[PDB]
Structure formats: C-alpha cells, structure tokens
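Participant: Would you mind keeping the following structure in view while I ask a few things?
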There are 2 protein chains.
Amino acid sequence: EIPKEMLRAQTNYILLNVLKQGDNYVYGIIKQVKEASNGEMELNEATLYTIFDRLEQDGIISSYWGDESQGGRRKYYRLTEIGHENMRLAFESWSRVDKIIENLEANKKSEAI
Amino acid sequence: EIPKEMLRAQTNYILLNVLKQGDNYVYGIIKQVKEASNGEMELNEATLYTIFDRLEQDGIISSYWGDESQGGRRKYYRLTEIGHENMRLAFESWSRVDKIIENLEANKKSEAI
C-alpha cells in the first residue's frame, strides 16, 4: 500500500502548491485539486480543515476573512514567508536526495567495471 | 527548516534504494551513502539500526546472517517483495502528484487567458 504518512505528505504538498498559485478558500481549493487530478482526488472539507488547522498552527499558512460584499463570511488561506521558505528548503533537499540516488545507481554500475 | 518527518522520509527512501542495489550490511550501507552524497550525509549506525528495526518490523526489509568465513557474524539486509512493491506504489503515486502539480500551474496560466 501507500503508507498514510506518505498520503499525508502528498496532500500537504499539493495543498501548499494550490496556495502558491494564490490565496484561496476551501471550495476553490477542492475544485482546483479535483480539476488538476481528473476527479481522481476529491478532498473532503473535514480533511482540508484538519490539515490547514495544523499548517496554520505551525505558521506555514495564515487565514483571513474575505470581502462580505458577498454578504457572507468566507475564510481565505495564504502561504506565509516561512511557508514559502519551507517549500523551498524541502524542494532543494529533495533534489539533493534524487542526486544521491542517481549516484548510487552510477556507483553501482561503475563498479560492474 | 526541513521538518523531521521529511528528513526521515528522505533517509528512508535513500536506504531502501541502497538495498535495491543489493543486500548489504550497516558499514557497507553507510559507506555507500557517504560516497554518493560527498560526505554531506554521514549516517550513524544507531540511526540506521533504529530505521531498519522499524522497516523490518513492518516487513519491508528482512535480515539474515552472512557467511562466517570471515570468522565473525555480520547481519545483512534485503528488500522484500512487499518492500519492492511499496517502493513502486510510492514512486508512481508521487509521479501522479507531480502531474497534478503541473496541471495546477497549467490551469492557473490558461485562465490568465
């Protein structure tokens, strides 16, 4: 199977990349994820809010109330500076990792000679 | 920073890719990781054994005693069938994820028109 922790990591990554594209609210995020996935990934609100409560508590995203021109309150989320930085540190750390793995295949092969 | 959970995920991935290259023991694994990383990643044995105890408990790797031609016992580790499969499920799930993220950038851009 795919371990829960890995799923969670995936969902995190995706959701942060939606915010990267712009401040958004629950139903916008879900729709965007559904379209970009062909409906193969349909987030719940429960899930999205459980994740965001965690990201917000750790200061990676922040929330704010939208215009009430609509006449009803809507909560928006954005990536924070720390947010942006972690996404950057993460991305780079992973590309080093992918290099290390190239090098393992390389070194293996090279000693087949 | 890079969250501990992400570091752990990285170290897992790397270690499993070493076993992928062949059955190995602690000091072989460490050396191989150190060479493929330029010494930028020097695993402890403590760490390696804490991780492997977990992987082995979850049936992703298995261990066995090496030849005692050496005259001393050495423990080897190998990836299991389940091991190989999880590495495959994982890898594929991540490439879907990377696609989803392409599609988010794509969809964003496309509606700038």
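Residue numbering restarts at 1 for every chain of the structure tokens, chains are lettered A, B, ... in their displayed order, and ligands are numbered from 1 as they appear.
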Please determine the contact residues of chain B with respect to chain A at a cut-off of 7 Å, counting only C-alpha atoms, and supply them as a list in words.
Facilitator: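 Only these qualify: residues 1, 2, 10, 14, 17, 36, 37, 86, 89, 90, 97, 100, 101, 103 and 104 of chain B.
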Participant: Show which residues sit within 8 Å of residue A:74, as a ChimeraX atom specification. Count only C-alpha atoms, and ignore same-chain residues fewer than 3 positions away.
Facilitator: /A:25,65-68
Participant: Now that the selection is made, can you save its residues with N, CA, C and O atoms as an mmCIF file, in the first residue's frame?
Facilitator:
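What ended up in again.cif:
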data_model
loop_
_atom_site.group_PDB
_atom_site.id
_atom_site.type_symbol
_atom_site.label_atom_id
_atom_site.label_comp_id
_atom_site.auth_asym_id
_atom_site.auth_seq_id
_atom_site.Cartn_x
_atom_site.Cartn_y
_atom_site.Cartn_z
ATOM 1 N N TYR A 25 -9.899 29.641 -0.715
ATOM 2 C CA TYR A 25 -10.783 29.188 0.346
ATOM 3 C C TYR A 25 -11.110 27.727 0.027
ATOM 4 O O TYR A 25 -10.848 27.249 -1.086
ATOM 5 N N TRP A 65 -10.463 36.743 6.777
ATOM 6 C CA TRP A 65 -11.827 36.827 6.278
ATOM 7 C C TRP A 65 -11.853 37.538 4.928
ATOM 8 O O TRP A 65 -11.091 38.455 4.695
ATOM 9 N N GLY A 66 -12.711 37.064 4.022
ATOM 10 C CA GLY A 66 -12.828 37.643 2.711
ATOM 11 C C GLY A 66 -13.796 38.821 2.798
ATOM 12 O O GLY A 66 -14.429 39.060 3.822
ATOM 13 N N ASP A 67 -13.930 39.512 1.683
ATOM 14 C CA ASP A 67 -14.938 40.538 1.496
ATOM 15 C C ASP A 67 -16.318 39.998 1.880
ATOM 16 O O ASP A 67 -16.645 38.857 1.573
ATOM 17 N N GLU A 68 -17.161 40.808 2.550
ATOM 18 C CA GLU A 68 -18.524 40.365 2.823
ATOM 19 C C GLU A 68 -19.468 41.029 1.831
ATOM 20 O O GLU A 68 -20.668 41.102 2.099
#
Participant: Please report the interatomic distance between atom CA of residue A:69 and atom CA of residue B:111 in Å with one decimal.
Facilitator: 23.7 Å
